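In the form deposited in one PDB entry, a lone chain appears below as structure tokens.
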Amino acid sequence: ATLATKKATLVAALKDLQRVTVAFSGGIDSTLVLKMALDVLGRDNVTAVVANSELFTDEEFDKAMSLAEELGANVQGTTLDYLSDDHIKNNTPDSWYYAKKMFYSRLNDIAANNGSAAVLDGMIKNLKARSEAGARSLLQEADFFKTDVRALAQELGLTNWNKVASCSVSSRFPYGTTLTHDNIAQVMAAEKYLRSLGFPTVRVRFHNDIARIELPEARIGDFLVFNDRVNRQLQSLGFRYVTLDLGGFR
């Protein structure tokens, strides 16, 4: 199938729905989904939803919120208490499944109250909780790949999205560590401070009384001028010891 065949299939699917709710993160694929939806159905029939929670930073939320206004869509934020589900709070390998199960549930109730006929995400063809909510991945059921979504992104003149596929803060705690409101706010504030110093790719691992910072090895040399400030700032967030991993990022 050509790029023209699958955009045509994508247009046929959107036209059948008239009114949709789009799960928007700022990503390459969700932006293409949000952009195609507005171009086919219109601004007055597309509702974009961006999720806010403690597991993601508010900087990524505030940014993905405005990327959708830059796309010219009616955007709406919703907040989720992920730690209300213990399966998420206990930080088990399947905690991310229950996060999206709770995420796809909130989208459906919004899809009911706004009058939308389906929930759209930006999942491509190259998972579980995506089906029970009836969420539809239009890009994948039209046989798109990452090479296809990039092609249609240039054709629609889309150049501004996010390259930082942000990760849940739970990856900063070893499996089995109980997440709390305060230790999550402890990690995110330390990562926000380090990012403001000029280090966009950074991890602050949580080791009880120890913070273990992960930087790209080719940036550790540039980090030297900040040792004393990061030490005291992170001590003032609760960490007793502030360290920097010699093994680098991941």
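The numbering used is simple: start at 1 and walk along the sequence shown. Residues that one form lacks are left out of the comparison. Heads up, when I say rigid core I mean the largest set of C-alphas that superpose within 1.5 Å between the two forms.
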- Please establish whether a third or more of the other compared PDB entries omit coordinates for residue 132. yes
Residues of the deposited chain absent from the coordinates between residue 126 and residue 127 total 4 to 9
Per the PDB entry, mean CA B-factor is higher for 197-205 or 50-58, namely for 50-58
Stretch with higher mean Cα temperature factor, 171-179 vs 108-116, is 108-116
Reading the B-factor column for Cα atoms of 222, 217, 70, 191, the highest value belongs to 70
Entry-reported C-alpha B-factor of residue 10 relative to its chain, by third, is highest
By the entry's values, the third containing the CA B factor of residue 98 is the middle
So, residue 92's CA B-factor, relative to its chain, sits in which third? The lowest
Residue 212: CA B-factor among chain residues, third -> lowest
Among the modelled residues of its chain, the C-alpha B-factor of residue 66 falls in the third labelled highest
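Form deposited in another entry: not shown, discussed below.
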Candidates 44, 62, 209, 69; compared between this form and the one not shown on the rigid core, the one with a C-alpha shift of 2 angstroms or more is 209
Note: conformational shift between this form and the one not shown, core-aligned, Cα at least 2 Å, runs of three or more in sequence order, located at 180-250
